[PDB]
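Asks: This is the content of final.pdb (PDB, C-alpha atoms and all ligand atoms):
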ATOM      1  CA  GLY A 697     -16.395  18.098 -20.642
ATOM      2  CA  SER A 698     -17.032  14.812 -22.434
ATOM      3  CA  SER A 699     -14.958  14.288 -25.579
ATOM      4  CA  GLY A 700     -15.248  11.063 -27.550
ATOM      5  CA  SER A 701     -16.950   9.497 -30.562
ATOM      6  CA  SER A 702     -18.306   6.400 -28.819
ATOM      7  CA  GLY A 703     -22.075   6.648 -29.143
ATOM      8  CA  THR A 704     -23.633  10.096 -29.459
ATOM      9  CA  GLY A 705     -22.193  12.090 -32.345
ATOM     10  CA  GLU A 706     -24.096  13.038 -35.490
ATOM     11  CA  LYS A 707     -23.361  15.644 -38.161
ATOM     12  CA  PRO A 708     -19.540  15.799 -37.997
ATOM     13  CA  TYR A 709     -19.602  18.657 -40.506
ATOM     14  CA  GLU A 710     -21.460  21.740 -39.276
ATOM     15  CA  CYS A 711     -20.944  25.508 -39.352
ATOM     16  CA  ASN A 712     -20.526  27.489 -36.132
ATOM     17  CA  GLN A 713     -19.702  30.937 -37.510
ATOM     18  CA  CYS A 714     -23.349  31.535 -38.409
ATOM     19  CA  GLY A 715     -24.891  28.219 -37.407
ATOM     20  CA  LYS A 716     -25.587  25.962 -40.380
ATOM     21  CA  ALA A 717     -25.196  22.180 -40.334
ATOM     22  CA  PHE A 718     -24.462  20.082 -43.421
ATOM     23  CA  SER A 719     -24.276  16.497 -44.682
ATOM     24  CA  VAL A 720     -21.152  16.115 -46.817
ATOM     25  CA  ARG A 721     -17.825  17.740 -45.953
ATOM     26  CA  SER A 722     -17.784  19.036 -49.530
ATOM     27  CA  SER A 723     -20.806  21.187 -48.693
ATOM     28  CA  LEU A 724     -19.177  22.761 -45.638
ATOM     29  CA  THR A 725     -16.295  23.819 -47.882
ATOM     30  CA  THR A 726     -18.632  25.665 -50.246
ATOM     31  CA  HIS A 727     -20.034  27.571 -47.268
ATOM     32  CA  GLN A 728     -16.614  28.292 -45.764
ATOM     33  CA  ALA A 729     -16.094  30.726 -48.641
ATOM     34  CA  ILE A 730     -18.417  33.411 -47.277
ATOM     35  CA  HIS A 731     -16.821  32.692 -43.899
ATOM     36  CA  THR A 732     -13.417  34.209 -44.662
ATOM     37  CA  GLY A 733     -10.818  33.136 -42.121
ATOM     38  CA  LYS A 734      -7.346  32.565 -43.547
ATOM     39  CA  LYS A 735      -3.884  33.653 -42.406
ATOM     40  CA  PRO A 736      -1.419  33.542 -45.333
ATOM     41  CA  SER A 737       2.215  34.265 -44.472
ATOM     42  CA  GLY A 738       4.331  36.872 -46.233
ATOM     43  CA  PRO A 739       7.323  36.509 -48.580
ATOM     44  CA  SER A 740       9.630  37.764 -45.828
ATOM     45  CA  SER A 741      10.344  36.304 -42.388
ATOM     46  CA  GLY A 742      12.130  37.361 -39.215
TER      47      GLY A 742
HETATM   48 ZN    ZN A 801     -22.005  29.540 -41.719
END
I'd like the structure from this file rewritten - as structure tokens, please.
Replies:
Amino acid sequence: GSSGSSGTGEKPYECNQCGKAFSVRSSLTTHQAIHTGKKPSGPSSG
């Protein structure tokens, strides 16, 4: 599609998991909590 920030593009920080927009990136981080989605590696590796 059309990808580019040259005109139309408001609310750069918004949630998609449940659908909740925000204002400050700091806010999105506070909401990311309930939206668990991490992938920490283990102490061993192959
Ligand atoms: Zn959400």
Asks: What residues have an atom no more than 12 Å from (-21.7, 23.4, -38.3) in the file's own frame, counting all atoms listed in the file, and can you write them as a PDB file with C-alpha atoms, in the frame of the given file?
Replies:
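Wrote point-v4.pdb, looks like this:
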ATOM      1  CA  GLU A 706     -24.096  13.038 -35.490  1.00  0.00           C
ATOM      2  CA  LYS A 707     -23.361  15.644 -38.161  1.00  0.00           C
ATOM      3  CA  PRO A 708     -19.540  15.799 -37.997  1.00  0.00           C
ATOM      4  CA  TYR A 709     -19.602  18.657 -40.506  1.00  0.00           C
ATOM      5  CA  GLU A 710     -21.460  21.740 -39.276  1.00  0.00           C
ATOM      6  CA  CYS A 711     -20.944  25.508 -39.352  1.00  0.00           C
ATOM      7  CA  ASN A 712     -20.526  27.489 -36.132  1.00  0.00           C
ATOM      8  CA  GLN A 713     -19.702  30.937 -37.510  1.00  0.00           C
ATOM      9  CA  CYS A 714     -23.349  31.535 -38.409  1.00  0.00           C
ATOM     10  CA  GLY A 715     -24.891  28.219 -37.407  1.00  0.00           C
ATOM     11  CA  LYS A 716     -25.587  25.962 -40.380  1.00  0.00           C
ATOM     12  CA  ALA A 717     -25.196  22.180 -40.334  1.00  0.00           C
ATOM     13  CA  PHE A 718     -24.462  20.082 -43.421  1.00  0.00           C
ATOM     14  CA  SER A 719     -24.276  16.497 -44.682  1.00  0.00           C
ATOM     15  CA  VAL A 720     -21.152  16.115 -46.817  1.00  0.00           C
ATOM     16  CA  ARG A 721     -17.825  17.740 -45.953  1.00  0.00           C
ATOM     17  CA  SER A 723     -20.806  21.187 -48.693  1.00  0.00           C
ATOM     18  CA  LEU A 724     -19.177  22.761 -45.638  1.00  0.00           C
ATOM     19  CA  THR A 725     -16.295  23.819 -47.882  1.00  0.00           C
ATOM     20  CA  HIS A 727     -20.034  27.571 -47.268  1.00  0.00           C
ATOM     21  CA  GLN A 728     -16.614  28.292 -45.764  1.00  0.00           C
ATOM     22  CA  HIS A 731     -16.821  32.692 -43.899  1.00  0.00           C
TER      23      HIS A 731
END
Asks: Between CA of residue 726 (chain A) and CA of residue 702 (chain A), what distance in Å does the model show, to one decimal?
Replies: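 CA of residue 702 (chain A) lies at a distance of 28.8 Å from CA of residue 726 (chain A).
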Asks: What is the CA of residue 700 (chain A)-CA of residue 733 (chain A) distance in Å, reported with one decimal?
Replies: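 Straight-line distance from CA of residue 700 (chain A) to CA of residue 733 (chain A) works out to 26.8 Å.
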Asks: Any chance you could build region 706-732 of chain A out to N, CA, C and O atoms and write it as an mmCIF file, in the frame of the given file?
Replies:
data_model
loop_
_atom_site.group_PDB
_atom_site.id
_atom_site.type_symbol
_atom_site.label_atom_id
_atom_site.label_comp_id
_atom_site.auth_asym_id
_atom_site.auth_seq_id
_atom_site.Cartn_x
_atom_site.Cartn_y
_atom_site.Cartn_z
ATOM 1 N N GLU A 706 -23.584 12.952 -34.127
ATOM 2 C CA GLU A 706 -24.096 13.038 -35.490
ATOM 3 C C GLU A 706 -23.757 14.389 -36.114
ATOM 4 O O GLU A 706 -23.571 15.381 -35.411
ATOM 5 N N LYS A 707 -23.677 14.418 -37.440
ATOM 6 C CA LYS A 707 -23.361 15.644 -38.161
ATOM 7 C C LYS A 707 -21.971 16.150 -37.791
ATOM 8 O O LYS A 707 -21.813 17.155 -37.097
ATOM 9 N N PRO A 708 -20.936 15.439 -38.264
ATOM 10 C CA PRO A 708 -19.540 15.799 -37.997
ATOM 11 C C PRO A 708 -19.122 17.075 -38.720
ATOM 12 O O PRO A 708 -18.121 17.699 -38.369
ATOM 13 N N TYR A 709 -19.894 17.456 -39.732
ATOM 14 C CA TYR A 709 -19.602 18.657 -40.506
ATOM 15 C C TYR A 709 -20.716 19.688 -40.354
ATOM 16 O O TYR A 709 -21.766 19.579 -40.985
ATOM 17 N N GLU A 710 -20.477 20.689 -39.511
ATOM 18 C CA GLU A 710 -21.460 21.740 -39.276
ATOM 19 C C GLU A 710 -20.778 23.092 -39.096
ATOM 20 O O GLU A 710 -19.640 23.170 -38.630
ATOM 21 N N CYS A 711 -21.480 24.156 -39.470
ATOM 22 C CA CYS A 711 -20.944 25.508 -39.352
ATOM 23 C C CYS A 711 -21.277 26.108 -37.990
ATOM 24 O O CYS A 711 -22.366 25.897 -37.457
ATOM 25 N N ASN A 712 -20.333 26.857 -37.432
ATOM 26 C CA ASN A 712 -20.526 27.489 -36.132
ATOM 27 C C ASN A 712 -20.497 29.009 -36.256
ATOM 28 O O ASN A 712 -21.088 29.719 -35.442
ATOM 29 N N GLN A 713 -19.807 29.502 -37.279
ATOM 30 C CA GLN A 713 -19.702 30.937 -37.510
ATOM 31 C C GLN A 713 -21.080 31.589 -37.526
ATOM 32 O O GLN A 713 -21.313 32.592 -36.852
ATOM 33 N N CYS A 714 -21.992 31.011 -38.302
ATOM 34 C CA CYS A 714 -23.349 31.535 -38.409
ATOM 35 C C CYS A 714 -24.363 30.534 -37.862
ATOM 36 O O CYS A 714 -25.445 30.912 -37.416
ATOM 37 N N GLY A 715 -24.003 29.255 -37.901
ATOM 38 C CA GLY A 715 -24.891 28.219 -37.407
ATOM 39 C C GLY A 715 -25.657 27.532 -38.520
ATOM 40 O O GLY A 715 -26.853 27.764 -38.697
ATOM 41 N N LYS A 716 -24.966 26.685 -39.276
ATOM 42 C CA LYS A 716 -25.587 25.962 -40.380
ATOM 43 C C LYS A 716 -24.947 24.589 -40.559
ATOM 44 O O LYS A 716 -23.806 24.480 -41.007
ATOM 45 N N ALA A 717 -25.690 23.545 -40.208
ATOM 46 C CA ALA A 717 -25.196 22.180 -40.334
ATOM 47 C C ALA A 717 -25.223 21.717 -41.787
ATOM 48 O O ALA A 717 -25.866 22.338 -42.634
ATOM 49 N N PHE A 718 -24.520 20.625 -42.070
ATOM 50 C CA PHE A 718 -24.462 20.082 -43.421
ATOM 51 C C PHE A 718 -24.433 18.556 -43.393
ATOM 52 O O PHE A 718 -24.521 17.942 -42.330
ATOM 53 N N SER A 719 -24.312 17.951 -44.570
ATOM 54 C CA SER A 719 -24.276 16.497 -44.682
ATOM 55 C C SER A 719 -22.896 16.020 -45.121
ATOM 56 O O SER A 719 -22.243 15.242 -44.424
ATOM 57 N N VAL A 720 -22.455 16.493 -46.283
ATOM 58 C CA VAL A 720 -21.152 16.115 -46.817
ATOM 59 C C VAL A 720 -20.119 17.207 -46.566
ATOM 60 O O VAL A 720 -20.416 18.397 -46.682
ATOM 61 N N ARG A 721 -18.903 16.797 -46.222
ATOM 62 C CA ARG A 721 -17.825 17.740 -45.953
ATOM 63 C C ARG A 721 -17.641 18.703 -47.124
ATOM 64 O O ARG A 721 -17.253 19.856 -46.937
ATOM 65 N N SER A 722 -17.922 18.221 -48.329
ATOM 66 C CA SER A 722 -17.784 19.036 -49.530
ATOM 67 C C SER A 722 -18.692 20.259 -49.463
ATOM 68 O O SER A 722 -18.356 21.326 -49.978
ATOM 69 N N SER A 723 -19.847 20.097 -48.825
ATOM 70 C CA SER A 723 -20.806 21.187 -48.693
ATOM 71 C C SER A 723 -20.280 22.264 -47.750
ATOM 72 O O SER A 723 -20.378 23.458 -48.036
ATOM 73 N N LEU A 724 -19.721 21.834 -46.624
ATOM 74 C CA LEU A 724 -19.177 22.761 -45.638
ATOM 75 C C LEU A 724 -18.096 23.642 -46.255
ATOM 76 O O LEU A 724 -17.934 24.803 -45.877
ATOM 77 N N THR A 725 -17.359 23.084 -47.210
ATOM 78 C CA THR A 725 -16.295 23.819 -47.882
ATOM 79 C C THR A 725 -16.860 24.944 -48.742
ATOM 80 O O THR A 725 -16.287 26.032 -48.816
ATOM 81 N N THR A 726 -17.988 24.676 -49.391
ATOM 82 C CA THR A 726 -18.632 25.665 -50.246
ATOM 83 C C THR A 726 -19.191 26.821 -49.426
ATOM 84 O O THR A 726 -19.346 27.935 -49.928
ATOM 85 N N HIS A 727 -19.492 26.551 -48.159
ATOM 86 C CA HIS A 727 -20.034 27.571 -47.268
ATOM 87 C C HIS A 727 -18.911 28.331 -46.567
ATOM 88 O O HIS A 727 -19.084 29.483 -46.171
ATOM 89 N N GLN A 728 -17.763 27.678 -46.419
ATOM 90 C CA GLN A 728 -16.614 28.292 -45.764
ATOM 91 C C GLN A 728 -16.163 29.539 -46.517
ATOM 92 O O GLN A 728 -15.552 30.439 -45.938
ATOM 93 N N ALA A 729 -16.467 29.587 -47.809
ATOM 94 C CA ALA A 729 -16.094 30.726 -48.641
ATOM 95 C C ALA A 729 -16.546 32.038 -48.008
ATOM 96 O O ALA A 729 -15.724 32.884 -47.657
ATOM 97 N N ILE A 730 -17.857 32.201 -47.867
ATOM 98 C CA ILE A 730 -18.417 33.411 -47.277
ATOM 99 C C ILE A 730 -17.845 33.659 -45.885
ATOM 100 O O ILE A 730 -17.813 34.794 -45.410
ATOM 101 N N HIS A 731 -17.394 32.589 -45.237
ATOM 102 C CA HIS A 731 -16.821 32.692 -43.899
ATOM 103 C C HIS A 731 -15.304 32.837 -43.969
ATOM 104 O O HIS A 731 -14.564 31.959 -43.522
ATOM 105 N N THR A 732 -14.846 33.950 -44.533
ATOM 106 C CA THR A 732 -13.417 34.209 -44.662
ATOM 107 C C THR A 732 -12.706 34.049 -43.324
ATOM 108 O O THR A 732 -13.170 34.548 -42.300
#
